[PDB]
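One structure is given below, encoded as structure tokens.
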Amino acid sequence: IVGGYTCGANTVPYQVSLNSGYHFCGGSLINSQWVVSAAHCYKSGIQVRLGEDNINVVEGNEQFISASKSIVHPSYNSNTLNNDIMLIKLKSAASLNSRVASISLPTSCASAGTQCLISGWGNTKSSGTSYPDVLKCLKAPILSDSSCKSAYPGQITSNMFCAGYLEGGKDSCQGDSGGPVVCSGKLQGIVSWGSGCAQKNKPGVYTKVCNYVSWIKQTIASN
Ligand SMILES: [Ca+2]
């Protein structure tokens with residue numbers, strides 16, 4: 001996250017870290033046994049880390065649970081990033097409380113102008129690299145589809161939205177991928193892609209979760 005603030009320990013209780021020996025992506029806990037992330041975060045051998053603030057220090061609220069199954073969306077296209085969404089089933093159910101909690105799926109899509117919370121452990125610089133150990137947060141609005149398509153001609157599908165600031169300076173970045181965009185207490189987006197981070201006229205692009213609720217519910221019900 002570039003241009004954000006330190007969230008505070010366990011203030012984003014649905015935020016997960018995906019770990020394969022090191023943090024490589026975020027995700028969101030949607031019930032006691034399932035995490036949603038980006039398809040471009042797929043790899044084998046994922047451990048899901050819940051209850052994290054500092055990802056390099058054991059602070060006492062962590063739960064580390066291995067993945068038993070990963071399901072990339074059937075229509076994911078790695079070249080265009082269309083349908084950039086993946087479900088991960090945990091080997092055992094997480095223990096839910098105030099510091100580890102699920103986030104609700106949306107019943108309707110959010111409109112442009114809605115303010116959302118984006119969070120992650122990704123790079124905090126737009127030029128150069130500095131990775132934080134504690135969770136960073138950013139409040140950002142959903143942008144109109146016309147502004148999003150004007151920023152990224154020929155690249156925005158109906159399964160994507162832009163959020164952030166056309167003036168630059170505040171954005172998600174490398175290592176935030178797969179993490180949550182939460183608006184009015186519902187998961188509306190997944191950190192997906194962008195051209196660089198926090199550049200002028202290049203806001204972040206996010207997977208539009210409301211288009212996937214039927215697929216998520218049907219998949220969880222049968223796996
Ligand atoms: Ca920790």
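Sequential numbering from 1 along the given sequence is applied to the chain's residues. Atoms within a ligand are numbered from 1 in the order they appear, just like the ligands themselves. Computed over heavy atoms, backbone and side chain alike; hydrogens, waters and symmetry mates excluded.
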Extract all donor-acceptor atom pairs below 3.5 Å that involve side chains of residues 72-79 and protein atoms in other chains or at least two apart in sequence.
residue: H73; atom: ND1; partner: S75; partner atom: N; Å: 3.0
residue: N77; atom: OD1; partner: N79; partner atom: N; Å: 2.8
residue: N77; atom: OD1; partner: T80; partner atom: N; Å: 3.2

Practice problem: For the pair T207 (side chain) and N159 (backbone), establish whether a donor and an acceptor sit closer than 3.5 Å, ignoring hydrogens and angles. | Solution: no
Quiz item: Should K186 and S104 count as side-chain neighbours, where that means a heavy-atom distance under 4.5 Å?
Solution: yes
Quiz prompt | Proximal protein heteroatoms (N, O or S) of the Ca ion (ligand 1), under 3.0 Å | solution = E52 OE1, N54 O, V57 O, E62 OE2
Quiz prompt | Any donor-acceptor N or O pair under 3.5 Å, side chains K89, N223 | solution = no
Quiz item: For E59, what residues pass the side chain to side chain donor-acceptor pair (under 3.5 Å) criterion, not counting sequence neighbours?
Solution: none
Quiz prompt | Those residues that, when tested against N54, pass side chain to side chain donor-acceptor pair (under 3.5 Å) (two or more places apart) | solution = none
